[PDB]
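The next block holds one structure in the form of structure tokens; read it before the comments.
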Amino acid sequence: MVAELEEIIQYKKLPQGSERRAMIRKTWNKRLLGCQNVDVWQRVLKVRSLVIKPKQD
């Protein structure tokens, strides 16, 4: 989770505004939710470390 998060960070960092990044990270989050919990919400909060807020979605 941490790793994928890191790579994701690399991605969004690299990402210009809203190209392929939204879909990617979104699906990333979806599949992430696939593994299923509390600490699940913790790493979810790691996605939140990548953020952006409930704004972002």
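Scheme for the structure tokens: letters A, B, ... for chains in order shown; per-chain residue numbers from 1; ligand numbers from 1 in order shown.
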Do you know which residues are at most 10 Å from range 20-36 of chain A counting only C-alpha atoms, after dropping those on the same chain fewer than 2 positions away, and could you put them as a PDB file with N, CA and C atoms, in the first residue's frame?
ATOM      1  N   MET A   1       0.860  -1.150   0.000  1.00  0.00           N
ATOM      2  CA  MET A   1       0.000   0.000   0.000  1.00  0.00           C
ATOM      3  C   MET A   1       0.898   1.200   0.000  1.00  0.00           C
ATOM      4  N   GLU A   4       2.789   1.439  -3.442  1.00  0.00           N
ATOM      5  CA  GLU A   4       1.885   1.884  -4.485  1.00  0.00           C
ATOM      6  C   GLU A   4       1.573   3.345  -4.283  1.00  0.00           C
ATOM      7  N   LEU A   5       1.493   3.735  -3.023  1.00  0.00           N
ATOM      8  CA  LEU A   5       1.249   5.115  -2.679  1.00  0.00           C
ATOM      9  C   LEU A   5       2.404   5.952  -3.170  1.00  0.00           C
ATOM     10  N   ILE A   8       2.452   6.283  -6.759  1.00  0.00           N
ATOM     11  CA  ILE A   8       1.318   7.116  -7.096  1.00  0.00           C
ATOM     12  C   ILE A   8       1.732   8.555  -6.933  1.00  0.00           C
ATOM     13  N   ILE A   9       2.533   8.800  -5.910  1.00  0.00           N
ATOM     14  CA  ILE A   9       2.970  10.140  -5.606  1.00  0.00           C
ATOM     15  C   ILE A   9       3.809  10.600  -6.764  1.00  0.00           C
ATOM     16  N   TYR A  11       3.647   9.651  -9.660  1.00  0.00           N
ATOM     17  CA  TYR A  11       2.752   9.848 -10.777  1.00  0.00           C
ATOM     18  C   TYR A  11       2.094  11.212 -10.750  1.00  0.00           C
ATOM     19  N   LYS A  12       1.397  11.523  -9.666  1.00  0.00           N
ATOM     20  CA  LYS A  12       0.627  12.756  -9.589  1.00  0.00           C
ATOM     21  C   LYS A  12       1.556  13.941  -9.675  1.00  0.00           C
ATOM     22  N   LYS A  13       2.710  13.793  -9.040  1.00  0.00           N
ATOM     23  CA  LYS A  13       3.760  14.787  -9.120  1.00  0.00           C
ATOM     24  C   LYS A  13       4.080  15.045 -10.573  1.00  0.00           C
ATOM     25  N   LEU A  14       4.348  13.966 -11.291  1.00  0.00           N
ATOM     26  CA  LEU A  14       4.646  14.057 -12.705  1.00  0.00           C
ATOM     27  C   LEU A  14       3.449  14.606 -13.455  1.00  0.00           C
ATOM     28  N   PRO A  15       2.253  14.161 -13.060  1.00  0.00           N
ATOM     29  CA  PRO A  15       1.009  14.461 -13.765  1.00  0.00           C
ATOM     30  C   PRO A  15       0.770  15.944 -13.893  1.00  0.00           C
ATOM     31  N   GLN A  16       0.443  16.371 -15.105  1.00  0.00           N
ATOM     32  CA  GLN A  16      -0.071  17.708 -15.314  1.00  0.00           C
ATOM     33  C   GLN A  16      -1.520  17.680 -14.885  1.00  0.00           C
ATOM     34  N   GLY A  17      -2.240  18.767 -15.108  1.00  0.00           N
ATOM     35  CA  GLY A  17      -3.610  18.789 -14.657  1.00  0.00           C
ATOM     36  C   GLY A  17      -4.449  17.758 -15.381  1.00  0.00           C
ATOM     37  N   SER A  18      -5.071  16.893 -14.589  1.00  0.00           N
ATOM     38  CA  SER A  18      -6.168  16.039 -15.026  1.00  0.00           C
ATOM     39  C   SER A  18      -5.973  15.297 -16.345  1.00  0.00           C
ATOM     40  N   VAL A  38     -10.040  -1.014   9.111  1.00  0.00           N
ATOM     41  CA  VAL A  38      -9.658   0.183   9.837  1.00  0.00           C
ATOM     42  C   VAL A  38      -8.351   0.712   9.287  1.00  0.00           C
ATOM     43  N   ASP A  39      -7.296  -0.073   9.446  1.00  0.00           N
ATOM     44  CA  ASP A  39      -6.011   0.295   8.883  1.00  0.00           C
ATOM     45  C   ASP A  39      -6.141   0.450   7.384  1.00  0.00           C
ATOM     46  N   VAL A  40      -7.170  -0.171   6.817  1.00  0.00           N
ATOM     47  CA  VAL A  40      -7.502   0.065   5.430  1.00  0.00           C
ATOM     48  C   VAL A  40      -7.783   1.544   5.299  1.00  0.00           C
ATOM     49  N   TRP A  41      -8.560   2.072   6.233  1.00  0.00           N
ATOM     50  CA  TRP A  41      -8.839   3.492   6.231  1.00  0.00           C
ATOM     51  C   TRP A  41      -7.582   4.271   6.573  1.00  0.00           C
ATOM     52  N   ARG A  43      -4.430   3.523   5.466  1.00  0.00           N
ATOM     53  CA  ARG A  43      -3.716   3.669   4.214  1.00  0.00           C
ATOM     54  C   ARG A  43      -4.543   4.515   3.272  1.00  0.00           C
ATOM     55  N   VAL A  44      -5.845   4.515   3.503  1.00  0.00           N
ATOM     56  CA  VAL A  44      -6.723   5.382   2.757  1.00  0.00           C
ATOM     57  C   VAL A  44      -6.309   6.787   3.106  1.00  0.00           C
ATOM     58  N   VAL A  47      -3.504   7.735   1.183  1.00  0.00           N
ATOM     59  CA  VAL A  47      -3.937   8.306  -0.076  1.00  0.00           C
ATOM     60  C   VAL A  47      -4.253   9.756   0.213  1.00  0.00           C
ATOM     61  N   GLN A  56     -11.142  16.566  -3.805  1.00  0.00           N
ATOM     62  CA  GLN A  56     -10.581  15.761  -4.891  1.00  0.00           C
ATOM     63  C   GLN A  56     -11.502  14.610  -5.260  1.00  0.00           C
ATOM     64  N   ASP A  57     -12.209  14.085  -4.263  1.00  0.00           N
ATOM     65  CA  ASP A  57     -13.268  13.112  -4.493  1.00  0.00           C
ATOM     66  C   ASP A  57     -13.943  12.726  -3.197  1.00  0.00           C
TER      67      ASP A  57
END
Could you write out, as a short mmCIF file (atom, residue, chain, number, x, y, z; two decimals) with C-alpha atoms, in the first residue's frame, all the residues of chain A that DSSP marks as alpha helix (DSSP H)?
data_model
loop_
_atom_site.label_atom_id
_atom_site.label_comp_id
_atom_site.auth_asym_id
_atom_site.auth_seq_id
_atom_site.Cartn_x
_atom_site.Cartn_y
_atom_site.Cartn_z
CA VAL A 2 2.80 2.27 1.03
CA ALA A 3 4.76 1.41 -2.08
CA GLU A 4 1.88 1.88 -4.49
CA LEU A 5 1.25 5.12 -2.68
CA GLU A 6 4.80 6.20 -3.33
CA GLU A 7 4.66 5.38 -6.99
CA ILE A 8 1.32 7.12 -7.10
CA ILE A 9 2.97 10.14 -5.61
CA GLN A 10 5.58 10.02 -8.31
CA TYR A 11 2.75 9.85 -10.78
CA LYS A 12 0.63 12.76 -9.59
CA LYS A 13 3.76 14.79 -9.12
CA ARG A 21 -4.08 10.70 -13.56
CA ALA A 22 -7.54 10.98 -12.16
CA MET A 23 -8.68 7.73 -13.72
CA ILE A 24 -5.49 6.00 -12.74
CA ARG A 25 -5.36 7.04 -9.11
CA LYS A 26 -9.08 6.58 -8.80
CA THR A 27 -9.01 3.04 -10.02
CA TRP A 28 -5.94 2.64 -7.87
CA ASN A 29 -8.06 3.58 -4.93
CA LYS A 30 -10.84 1.28 -6.08
CA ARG A 31 -8.67 -1.78 -6.39
CA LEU A 32 -7.11 -0.65 -3.15
CA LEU A 33 -10.53 -0.87 -1.57
CA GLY A 34 -10.58 -4.31 -3.09
CA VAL A 38 -9.66 0.18 9.84
CA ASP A 39 -6.01 0.30 8.88
CA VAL A 40 -7.50 0.07 5.43
CA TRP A 41 -8.84 3.49 6.23
CA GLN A 42 -5.38 4.30 7.54
CA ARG A 43 -3.72 3.67 4.21
CA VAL A 44 -6.72 5.38 2.76
CA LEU A 45 -5.50 8.26 4.84
CA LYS A 46 -2.17 7.67 3.19
CA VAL A 47 -3.94 8.31 -0.08
CA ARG A 48 -5.06 11.33 1.86
CA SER A 49 -1.40 11.97 2.49
CA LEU A 50 -1.24 12.19 -1.28
#
